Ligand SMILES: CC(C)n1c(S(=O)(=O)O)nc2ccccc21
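Here's a solo chain for you in C-alpha cells, the form solved without the ligand.
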C-alpha cells in the first residue's frame, strides 16, 4: 500500500528477525564508529588496528564461523548484510573485514587441523589477532616456494598488495610444494615475529586509502610441521577463499552504491538551478531512477544467492554473476553520481569521489567473471 523509495521491494520484510538484528547492529557500529573516522582516515591513510577488536567483539569477524571456534555462527545472508553496512561507510573498512573472515578464518576452518583451528580461530574472531592472505605476487603460476627441511618447511618468495599485512599477527601464505610426483600449491600459517618474514607497509595509494596494505617478504622463513594446512592442495585452496570473499564483496559494493545514490539524491534536493531545484530536471530524474533500479535488482540477486548458499543449492558460477554485477553496477552508479556534482572536493557530496576511487580498485581485484559464465553456458573455454 505505501511506497518505500529507499527500499522498493521491502527487502527488510524478506529477512529473518536474527538477520535484521545482525544488520541493525552492523549499521549502528559502522555509522557510530567508522563514519566519524573515514574522511580523515582516507585523506591521510591513517592506520587504525583498534578497528579489528571493535568488530570482533560484536561478532563481525568470521560471521559464518561456528560458535565452537569463537565465531557467531551466522548464515551467509547475515554475512552479506554486515559487508553492506560496513562498505556503506567505506570499502577499505569492508576489505579489512572480508580478509579476516573469508581470506583468513575460512581457509583455517575448512582446511586446517583441529590443532590449527583451536589455536587461531578464537583470537581471529575477537580481533585480538589480525590476519592476512598472501596469494598475489609482484595463481597456477606463482613463484613463492616451500622446501621440505628438518622439522618443517623453508619459504622464500614475495607477496604484494596484501591487505592488513603490516599489522597482521597471522599470515595465511600460499606457496608451491613439490612432494611425491606433484608440484602443488599449499597453504601455510605464519606468525608475526617469525625469522625471515617482514611486512613493509605500502603508502601513497589511490583507492582504499582507509585500509592498510603491504607486502609479505619471505627469506628462507621457517614454518613448523604443524603450520601447513593438511586438507587442501592446489587451486581449490585459494579458490574456496576467493569465492567466499566475492560473495561478501557482491553485497558490500551495493552498500557503497546506495551511499552514492543517497548522496546524489540529497544533493539534487538541496541544489537549485534556473530557479527550480535540480530535482525538477527530467534527466536528473532518469539518473535517480536508474540508480534505484540497479541497486534494487542487485539486492534481490545477492539475497537469493545467500539463501541458496545457506541451503547448499548454490553453484560457484552464481557468485560470478553477482560479483560482476554488483561491482560493475556500483562503479557505474558512483560515476553517474560523480558526473552530477559541479564542485571540486570541498563539500560533503565529494564523499562520492572517495567511494568512486575505492570501487575503481575493487573492480580490478581481465573480466574473468564474464569468461567463467561464458564457459558455463557454452562448454568452451576462452580464458
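C-alpha atoms forming the largest set that superposes within 1.5 Å between two forms make up the rigid core. Positions refer to the first chain, counted from 1.
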Core-superposed comparison in 5 other deposited structures of this protein: bigger Cα RMS shift among 141-149 and 75-83 is in 141-149
Core-aligned CA RMS in 5 other deposited structures of this protein: between 366-374 and 19-27 the higher one is 366-374
Note whether residue 317 lacks coordinates in a third or more of the other compared entries that model its flanking residues.
no
Do at least a third of the other compared PDB entries leave residue 59 without coordinates? no
Unresolved deposited positions lying between residue 365 and residue 366 come to 1 to 3
Here the number of deposited-sequence residues unresolved in the coordinates between residue 138 and residue 139 is 4 to 9
Once average C-alpha B-factors are taken from the entry for 71-79 and 229-237, the winner is 229-237
Stretch with higher mean Cα temperature factor, 190-198 vs 304-312, is 190-198
Per the deposited B-factor column, the C-alpha that peaks among 166, 252, 92, 275 belongs to 275
Among 112, 207, 131, 298, the highest C-alpha B-factor in the PDB entry belongs to 112
Split the chain's modelled residues into thirds by Cα B-factor; residue 271 lands in the highest
Residue 88: CA temperature factor from the record, placed by chain third, in the lowest
Residue 24: C-alpha B-factor third of its chain, per the entry, is the middle
Chain thirds by Cα B factor, record data; residue 170 belongs to the middle
On the chain's distribution of Cα B-factors, residue 322 falls within the third called lowest
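The protein also exists as the form deposited with the ligand bound; that form is not presented, and the subsequent description refers to it.
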With the partner omitted here, the residue among 268, 245, 190, 121 that in the entry with it bound has a heavy atom within 4.5 Å of the ligand is 245
Answer key, the ligand contact in the entry with it bound at 4.5 Å (heavy atoms) among 81, 254, 212, 99: the residue is 99
Residue-level question: is residue 362 within 4.5 Å of the ligand in the entry with it bound, judged on heavy atoms?
yes
So in the entry with it bound, is the ligand close enough to residue 125 to count as touching (4.5 Å, heavy atoms)? no
| 4.5 Å heavy atom contact, residue 103 to the ligand in the entry with it bound | yes
Check: Does the 4.5 Å heavy atom contact test between residue 86 and the ligand in the entry with it bound come out positive?
Finding: no
Looking at the ligand in the entry with it bound, do all three of 163, 208 and 249 come within 4.5 Å of it through at least one heavy atom?
-> yes
Within 4.5 Å of the ligand in the entry with it bound, heavy atom basis, the matching stretch of 301-309, 90-98, 221-229, 285-293 is 90-98
